[PDB]
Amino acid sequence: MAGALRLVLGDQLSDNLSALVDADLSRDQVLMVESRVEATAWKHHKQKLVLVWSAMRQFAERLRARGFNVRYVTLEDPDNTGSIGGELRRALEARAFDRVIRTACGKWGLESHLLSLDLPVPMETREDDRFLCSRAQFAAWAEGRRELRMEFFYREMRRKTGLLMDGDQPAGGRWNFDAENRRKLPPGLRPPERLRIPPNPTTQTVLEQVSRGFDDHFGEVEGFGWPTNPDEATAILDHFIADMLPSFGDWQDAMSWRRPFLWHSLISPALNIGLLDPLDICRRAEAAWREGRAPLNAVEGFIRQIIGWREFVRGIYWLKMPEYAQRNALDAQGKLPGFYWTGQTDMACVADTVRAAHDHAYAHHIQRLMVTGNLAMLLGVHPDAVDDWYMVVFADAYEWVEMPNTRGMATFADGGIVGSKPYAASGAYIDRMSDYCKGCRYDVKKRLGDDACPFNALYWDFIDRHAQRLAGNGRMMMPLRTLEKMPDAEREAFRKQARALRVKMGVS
């Protein structure tokens, strides 16, 4: 009869939060904490800090309007203990509470710490039902599978959600339409201007506090253009479904110098804090095709990314955690190059990627994977350091989705649990889907020499090094034949050029 103390973390700003459903507005109280422990666990991008904290403060006001009692502890409060557990104990000392209600979070280290907390009252933990697949449904699907592939999971979510289904058959007759016919942009096709949200009063105040207090964190805060409440986020989604969704897919993998956004949705930073809903989004995209405003392939490719990939990596993470976070399949022990933070690189494709990380805290999926991620796995950088960089510089970065994408797909450290194969590539690829190799100090058609493309030699060293391991996958074959046809002076050439580059790039 005392009431419930309900917690709401920074990435759970949703009205339908399982922790808030069934609240007694007359007895219960909601807790929201701006924690410097969570803000410093990594040194997140300045923009990621502004986004979360500005969204939280507005979300609280939304609850106060509806009649919710909300205890909001700011990062200014001189009594804020700085942690979730500390402020949980401080709330229970203020008044009486029957129990505590919360929703499982997206960080294993945190969700584990919280389950162990010794509290004077019981603590009920509920599942995060905003996701289309529950942690116990993925493990059921997985049982007995030699390898976990995404396409088969995807077909199972299409049949469960009913998206893009006409009867029991997939719209199209085919489940998937992704093809190999990718390419770069023409000389004359300029990408269209994208909609950026000007900071509202509250966002402006958070931006000022972050510029002053967190000056050491990575990235620039000027030009912040992310949405912070459902209204702003909805405008961003309307802009994508109307202007960009048709051509989505046509350019899903291309790359353009000084144009990081291209035809992407830019919704991950809002979706991951809950300002949007995954199901609602996929139904808008289907309605777009159903009604004739966008082709089917564009809609199926986009929807596949949300009910397929996004739900898949989460299903892996919780299934294999906490051992997943300690796996180093290739035994990489090299430091990260300094230009991953400073951007000072005559490699024009990596620099544009850090510039977009610095100025926009964003980079689309192909860049994170085939440039910086491909590189990180070629040089052989320790996976812990790679995870750090990806959790810092990007505004959509949370462990449950970052780690299976990086430790798994990009660098193969997990050993193929996520990706099935290493996405290793030479400079020929980047030249194929981008326009960097035009104005770069390096030659994309040279393998060795201080004017040659590092990706060429570094790629051939990654094959020779792990040749006897790649033979097992069966899909990394072809590069192994070319790994032959090599006069031992040729093979030996890139190996010392790889060592030279390594030492040069500062990775021992």
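What we label the rigid core is the largest C-alpha set whose atoms superpose within 1.5 Å from one form to the other. Note that residue numbering follows the sequence shown and begins at 1.
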Fit on the core, then compare CA atoms: does 177 to 185 or 94 to 102 lie farther from this form in 4 other deposited structures of this protein?
-> 177 to 185
Report the stretch with the higher root mean square CA deviation, pooled over structures and residues in 4 other deposited structures of this protein, choosing between 486 to 494 and 10 to 18 after a rigid core fit.
-> 486 to 494
Mind pulling up the entry and telling me whether 135 to 143 or 117 to 125 has the higher mean Cα temperature factor?
-> 117 to 125
Mean temperature factor over C-alpha atoms, higher-scoring stretch between 194 to 202 and 95 to 103 = 95 to 103
Checking the entry, which one of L49, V30, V37, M477 has the top C-alpha B factor?
-> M477
Peak C-alpha temperature factor (PDB record), options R64, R57, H45, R441 | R441
Sorting the chain's CA B-factors, does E222 end up in the lowest, middle or highest third?
-> middle
Entry-reported Cα temperature factor of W318, expressed as the chain third it lands in = middle
What third of its chain's C-alpha B-factors does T161 belong to: lowest, middle or highest?
-> lowest
Classify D15 as lowest, middle or highest third according to the C-alpha B-factor given in the PDB entry, relative to its own chain.
-> middle
Lowest, middle or highest third - CA B-factor, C349 = middle
